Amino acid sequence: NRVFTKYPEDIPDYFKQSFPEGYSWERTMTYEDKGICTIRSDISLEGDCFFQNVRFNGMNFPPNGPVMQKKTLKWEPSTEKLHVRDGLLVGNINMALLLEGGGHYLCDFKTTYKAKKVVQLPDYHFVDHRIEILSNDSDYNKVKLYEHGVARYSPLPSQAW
């Protein structure tokens, strides 16, 4: 929910500006053994509720892989590349999932966020995330999910002239 992403006043927050009306988005996730996920989500404000509505579809993860053998521990934080296209904020990310002992397993990430209303569009910028299972039963039947997201620019001086 990119709503819950702190925007410094320099950047336009594409997200909180899309409400009241809302915003929908669309993502694909390609794993490095080519398991693949397609997903969709609608975000409707009512009262103070953002009722997220989601269809999620995942494909051809290999039998002895990490997903099917449950050897992920988390996602590494990541940094999303945000870039206005055809009027649409598209986001791009190299995600990775830490494994039991053994290092990482990588994934690409394309998200486009579409506004239900006319909002002010930002220049190119990045949202640092970090997403995390705070807690879970042994089955994951009940899982407490946290997320931290912060939109920035570049910390570095365009020292150009």
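So that there is no doubt, residue numbering starts at 1 and follows the sequence shown.
- Once the C-alpha B-factors are averaged per stretch, 116 to 124 and 54 to 62 rank with 116 to 124 first.
- Note on 7 to 15 vs 138 to 146: mean CA B-factor is higher in 7 to 15.
- The maximum CA B-factor among the listed residues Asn92, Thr30, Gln69, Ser44, taken from the PDB record, is found at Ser44.
- In the PDB entry, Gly103 places in the middle third of its chain by CA B-factor.
- Remark: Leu82 belongs to the middle third of its chain, ranked by C-alpha B-factor as recorded.
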